[PDB]
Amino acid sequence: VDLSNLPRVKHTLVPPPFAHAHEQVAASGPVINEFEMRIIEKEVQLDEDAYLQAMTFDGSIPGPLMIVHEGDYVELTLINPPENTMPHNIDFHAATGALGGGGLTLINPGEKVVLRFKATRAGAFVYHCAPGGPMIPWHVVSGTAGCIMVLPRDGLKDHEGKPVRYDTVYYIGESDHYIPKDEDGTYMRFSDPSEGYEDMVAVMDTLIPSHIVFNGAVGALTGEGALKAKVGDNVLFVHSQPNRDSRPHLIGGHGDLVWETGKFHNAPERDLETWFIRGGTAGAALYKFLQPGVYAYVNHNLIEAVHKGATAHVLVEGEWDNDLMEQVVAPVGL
């Protein structure tokens, strides 16, 4: 108990897929990380004709990435603004006790709460809202879930215990939504989250999502929201899915070092084509880009990637290596 002598670092969170500033290898001993976030409830557009009455941490789906190191403390201030219409809370799978923080952070619109917990376990972990009861799933599939990554104090290590570093970390937040359709087969729009609850419950109960998206919308990470790398970059892709499985794959690439259950002191596997993110967790994969051009990072049920929304692109620069792959003879008539 105590802590008056640990340093405090106050952070400014940035919207996903980017991450707030940090260091892989901790620059000093345990600190108290201070974070603040508000619940913003608002309608979001998931696709060209599909909308969700969302509930979100800081206005974005997923909520922003938090990064700290193992042995640190996390003190979060959570605000539920007076214009929201429901109570929210927050459960950190990285924390120990009271339902992850969920039993000490229930706040009604108009209130705030400050939770502290010590980040004893290294890994990426989901956090998400869980107000109690029959509503808990409904708040997660309305968008309130993000991730906090607890890095080991000395940074990541590989399956032999040797240090490894990434040049860039992107947080891909995947989320399943259950938008109801009226009779003519078109998506329904509602005036706030409650009005749409009962119709959304009926679709939830079939367990088939109408949309599975990265970063909050079909296309959020393609086009202008494409991810970027260079040949030689070691990139860390952190991938959460708070309520339903996912099987990520980098098309054209591999997972060089993968922790698919997400906890960095376990040995990562090598050379994977596809890995698996259990619903309710965050895993992480490093890949060093060896060829330039366009890559798609997708949930490899391709129906879920292409029809429901779970595809991102990565644009990579650099020179092409024909010894890895060559079009020996371009398409030509038989």
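Numbers follow the displayed sequence, beginning with 1.
Participant: Higher mean Cα B-factor in the deposited model: 196 to 204 or 240 to 248?
Facilitator: Mean B over CA atoms: larger for 196 to 204.
Participant: Taking the recorded C-alpha temperature factors, which stretch has the higher mean, 79 to 87 or 172 to 180?
Facilitator: The recorded data point to 79 to 87.
Participant: Please pick out which of 146, 101, 209, 223 has the largest Cα B-factor as recorded in the entry.
Facilitator: When the deposited C-alpha B-factors of 146, 101, 209, 223 are compared, 223 is largest.
Participant: Name the one of 280, 283, 29, 64 with the greatest CA B-factor according to the PDB entry.
Facilitator: Comparing C-alpha B-factors across 280, 283, 29, 64, the maximum falls on 29.
Participant: Sorting by Cα B-factor within the chain, modelled residues only, which third would residue 263 end up in: lowest, middle or highest?
Facilitator: According to the entry, residue 263 has a C-alpha B-factor in the chain's lowest third.
Participant: Lowest, middle or highest third: where is residue 55 by C-alpha B factor in its chain?
Facilitator: Highest third of the chain for residue 55's C-alpha B-factor.
Participant: C-alpha B factor of residue 93, ranked within the chain: lowest, middle or highest third?
Facilitator: Lowest third of the chain for residue 93's C-alpha B-factor.
Participant: Could you place residue 254 in the lowest, middle or highest third of its chain by Cα temperature factor, using the values in the record?
Facilitator: It falls in the bottom third of the chain.
Participant: Residue 106's Cα B-factor: lowest, middle or highest third of the chain?
Facilitator: For residue 106, whose C-alpha B-factor we compare with every modelled residue in the chain, the answer is the middle third.
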